[PDB]
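Scroll down for the structure; my scribbles are underneath it.
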Amino acid sequence: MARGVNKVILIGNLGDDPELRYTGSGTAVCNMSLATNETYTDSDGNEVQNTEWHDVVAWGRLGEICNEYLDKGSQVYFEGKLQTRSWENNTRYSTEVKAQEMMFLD
Amino acid sequence: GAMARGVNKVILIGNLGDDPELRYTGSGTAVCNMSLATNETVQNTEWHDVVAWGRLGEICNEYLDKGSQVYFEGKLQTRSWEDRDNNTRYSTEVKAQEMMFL
Amino acid sequence: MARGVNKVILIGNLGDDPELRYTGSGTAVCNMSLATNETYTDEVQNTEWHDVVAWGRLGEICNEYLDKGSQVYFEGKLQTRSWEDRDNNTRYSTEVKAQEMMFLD
Amino acid sequence: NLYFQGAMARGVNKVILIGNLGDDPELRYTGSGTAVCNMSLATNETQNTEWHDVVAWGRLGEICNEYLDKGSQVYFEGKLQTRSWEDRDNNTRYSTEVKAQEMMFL
Amino acid sequence: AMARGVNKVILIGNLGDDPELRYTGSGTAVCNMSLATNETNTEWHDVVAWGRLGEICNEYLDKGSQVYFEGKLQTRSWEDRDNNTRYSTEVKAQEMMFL
Amino acid sequence: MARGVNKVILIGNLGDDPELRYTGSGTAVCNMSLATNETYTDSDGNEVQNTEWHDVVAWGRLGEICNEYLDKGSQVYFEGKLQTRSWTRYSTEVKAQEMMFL
Amino acid sequence: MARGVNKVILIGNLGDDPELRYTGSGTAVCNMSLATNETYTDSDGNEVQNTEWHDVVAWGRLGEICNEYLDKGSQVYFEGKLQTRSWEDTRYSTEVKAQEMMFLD
Amino acid sequence: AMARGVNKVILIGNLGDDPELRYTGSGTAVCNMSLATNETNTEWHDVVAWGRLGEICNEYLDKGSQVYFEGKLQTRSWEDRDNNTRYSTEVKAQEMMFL
DNA sequence: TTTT
DNA sequence: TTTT
DNA sequence: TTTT
DNA sequence: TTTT
DNA sequence: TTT
DNA sequence: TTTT
């Protein structure tokens, strides 16, 4: 039984080849930049394209799966959760989607 | 153009960490900024910056208080800005399109 | 890695008290009838009824904590099982198999 | 100043599907010219396969039938709907479909 | 027990085109027909028949056939490209006579 | 001799008070929203209510008489014919030929 | 308003040719015998055919039209109302008084 | 599933007396009613309802009640003492609504 | 069968 | 949007 | 009935 | 940075 | 900061 | 008396 719902659903294209690093533990961490492309038509008739860039991160086996199958430009589906991680010269924060499910859409 | 070119969907259920803040633009449009905690159990919390425009923002600021359980559906949006050290810094919101008070 | 996406999200109210049955192997199975209420103006209130099934430990938590009228959140997958009637006419029923649940009262 | 309803949802009924069509879309028209497109969609997992009746109205259903074919990969967002009928034994019967509100050809 | 309402349509006219038959995922027949009723102008009705009735309709009726239907009025709604709520009314058939 | 049959029989309750108008000629047009309530019992013992909503229209003296003896909630009998009119959109409605207040 | 509802819907076949008469005032009165047929399968597997017979009468022009276009065996649609007319012998016959008629052959 | 005839009666009127309910030797209920329908003349219809439908008529309907019936026409015959075949037409109720 |  |  |  |  |  |  859950005590909250924190769910993100993305379909888009990667902007660069996935990056793989490992934690101090030896666990795989795959960082990916994803563009979601929305395009509507304004009251003047223009097609306005609007892109949003997301930082998607996949851990363990799923990240390994991401690093191998996905490439720059790949169309991909992600289900995940929002989290804001800190990092460092001083402290700065980033909001990223931690993937729970990935589907290669070619 | 009825086909979608992407999907950018957020779904949140949690509680407000403080009372909503409501402001108006010069033209009078309402903007309601809120901080939403989502809980997961390990006892861990996640904090989200949610923003609601228009009537949806007025209804939030009137019906919700600190601790209110609430459902949001929205989309992710990142804004950028430049600090005093001339670095480009980013900030991510959930822009709300739907709300249930629960 | 996923070979498809089959996701349902429901926020609604239980139509009746959940029923908890057990399979031959002892696995708990909780069947629930959930109403989702939508409102639009021309004030039109059109409910949709969903059969929601919860297996194992989660089924037991629904049977124990949920009651008729409970506001509840479900996340699940769409699936259509078959069953039988008076004769041997196979009958079909689409239902949401629950993967997460949050009591909202 | 004054409006007909509040802007708060009264419930959530949300379906998300990615799969492949089992057959070419079937497009028909009501007496009034309104298009109705019925499609059968397979979602696969591990091999297991669920079949969904998806229906799309208006220009969305015309778009479905002009772009999608048998085996096409497609994303749908819609709502769950059950409609009923009576068989010749006078037993009330149910059939559940997904009414599509968004479609992405993949 | 006792009925709590009455919703009844009686139609005699001629089909505008050949019936169309489809099946749901589970194997249920759904047959859609457009029926014309004539008066002393002409009214068109969308008629749907589920299950075996649908199958029998699709087997026995063709374009131009004179047919009798008994059914009930049903309206469905949907949202268009502009997010307006729209409505579509059909006669869900319960009896059928080929004439 | 009739060339076709196009008959609708309804017993229901109005969902709102009747709406009376007049043509240019002074001819009443009475538009009503009628709910026909069906109720069956399902396998699990729930008694299920399914409501259908109909647009009924009455002309002339019958329209005047509907606006006169019927309110929101009134249970009423209607006999009429199916019609689809334009306004470019379409609505299927029941043009009443008989009415009886119950 | 109507004050009452008295309505009969019939589809069936005439058992004989329509009989036409005129009243002292000159009004056409056409009398018809109509068979409605009903088939069902019983629990023993038999296909049970039954038949009800109705006295249908049309007045005025419709009676003359019935008398002209309908023969024995003709399949016809009738809309009308129930009436019980008395006649000395004192007897009563319940008949359907046609209001609408459609020739289905 | 295709009909071969239509025998449909629709009545709205007022009872003439209280419903008379009896039971067969097997315990089956049969309710016999006298229904008045008015045109402003008054027509009278023997309505008969079986099973629980007849019981619900007997429990809810009284001498002047306004009631709706759906049913089918049926004529029974008998032989008087002059050996004439006599006919009696009743409405067998299949649906009923208390108004 | 729910809820507001 | 009604009604039990 | 699709897909890998 | 992607992609139509 | 919520729960 | 009809009709399949």
Side-chain angles (χ1 to χ4, degrees), chain A residues 3-4 12-17 33-37 39 47 49 51 53 72-76, chain B residues 3 6 14-19 35-39 45 47 67-69, chain C residues 3-4 12-17 33-37 39 42 44-45 47 49 68-72, chain D residues 11 19-23 40-44 46 49 51 70-73, chain E residues 4-5 23 25, chain F residues 12-17 33-37 39 42 44-46 48-49 51 53 72-75, chain G residues 12-17 33-37 39 47 49 51 53 72-75, chain H residues 4-5:
Chain A
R3 318 196 323 110
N13 303 268
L14 301 169
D16 201 349
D17 284 352
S33 184
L34 189 75
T36 51
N37 302 283
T39 166
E47 307 266 89
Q49 306 181 10
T51 296
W53 290 94
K72 168 200 192 117
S74 300
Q75 182 173 244
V76 62
Chain B
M3 195 187 305
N15 299 82
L16 292 190
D18 206 335
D19 290 336
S35 191
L36 182 71
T38 51
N39 294 274
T45 306
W47 292 95
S68 289
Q69 178 171 260
Chain C
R3 322 196 302 113
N13 297 91
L14 289 195
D16 208 340
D17 282 17
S33 198
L34 170 73
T36 53
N37 314 279
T39 298
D42 287 348
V44 181
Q45 164 83 69
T47 300
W49 296 91
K68 157 182 227 203
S70 293
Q71 201 184 28
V72 64
Chain D
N20 311 280
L21 300 183
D23 222 333
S40 197
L41 180 77
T43 59
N44 299 273
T46 59
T49 299
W51 292 95
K70 185 192 293 161
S72 285
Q73 203 177 218
Chain E
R4 294 197 339 110
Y23 284 87
Chain F
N13 300 81
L14 299 177
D16 188 5
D17 289 312
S33 201
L34 182 80
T36 50
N37 301 284
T39 291
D42 60 25
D44 300 325
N46 308 325
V48 177
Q49 157 145 298
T51 307
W53 286 99
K72 165 156 77 65
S74 283
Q75 160 178 74
Chain G
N13 309 75
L14 294 178
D16 199 347
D17 292 282
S33 209
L34 178 83
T36 62
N37 306 274
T39 288
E47 282 151 13
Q49 290 161 184
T51 292
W53 289 94
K72 179 214 221 168
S74 281
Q75 164 168 87
Chain H
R4 87 193 316 223

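Lettering of chains follows the sequences in order, A, B, ..., and the numbering in each one begins at 1. These values consider heavy atoms only, across backbone and side chains, with no hydrogens, waters or symmetry-generated copies.
- A stacked arrangement is not assigned to C:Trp49 and the six-membered base ring of I:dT2, the conditions of a centre distance below 5.5 Å and an interplanar angle below 30° not being jointly met.
- Put simply, the side chain of C:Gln45 reaches to within 4.5 Å of the side chain of C:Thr39, judged on heavy atoms.
- The side chain of A:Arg3 lies closest to M:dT3, out of N:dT2, M:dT3, K:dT2.
- Residue side chain B:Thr38 does not reach the base of M:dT3 through any donor-acceptor N/O pair under 3.5 Å, judged by distance alone.
- Remark: the C:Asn37 side chain and the I:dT2 base include a donor-acceptor N/O pair separated by less than 3.5 Å.
- Contact check, C:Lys68 against I:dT2: a side-chain N or O comes under 4.0 Å of OP1 or OP2.
- The base of L:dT2 does not come close enough to the side chain of A:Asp16 for any donor and acceptor atom to sit less than 3.5 Å apart.
- No engagement by G:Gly12 is indicated, since no non-hydrogen atom pair under 4.0 Å with the nucleic acid exists.
- When the P atom of M:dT3 is taken as reference, atom CG of B:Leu16 falls 10 Å away, rounded to whole Å.
- For K:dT4, the ring torsion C1'-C2'-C3'-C4' comes out positive, which puts the sugar in the north group.
- The side chain of E:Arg4 approaches J:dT4 more closely than any other nucleotide in the set N:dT3, K:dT3, J:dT4.
- Set against K:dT3, M:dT3, K:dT2, the side chain of B:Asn39 has M:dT3 as its closest nucleotide.
- The CG atom of F:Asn46 sits 16 Å away from the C1' atom of I:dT3 (whole-angstrom rounding).
- Using a 4.0 Å heavy-atom distance criterion, D:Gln73 is classed as making no nucleic acid contact.
- With values rounded to the nearest 0.5 angstrom, B:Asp18 atom CG is found 12.5 Å from B:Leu36 atom CG.
- Contact annotation: side chain of F:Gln49 to base of J:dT3, donor-acceptor pair present below 3.5 Å.
- When the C1' atom of I:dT3 is taken as reference, atom CG of C:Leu34 falls 11 Å away, rounded to whole Å.
- Residue-level contact check: D:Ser72 touches neither bases nor backbone, having no heavy atom under 4.0 Å from any strand.
- Side-chain proximity of G:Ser33 to N:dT1, K:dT2, J:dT1: nearest is N:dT1.
- The distance from atom CD of C:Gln45 to atom P of I:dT1 is 17 Å, rounded to the nearest whole Å.
- When all heavy atoms of G:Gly15 and G:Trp53 are compared, the closest pair comes out as CA-CZ3, 3.6 Å.
- B:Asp19 CG to B:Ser68 OG: the interatomic distance, rounded to the nearest 0.5 Å, is 8.0 Å.
- At a cut-off of 3.5 angstrom, the base of N:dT3 holds no donor-acceptor pair with the side chain of G:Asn13.
- Not a single side chain to side chain donor-acceptor pair (under 3.5 Å) links F:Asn13 to another residue, sequence neighbours left out.
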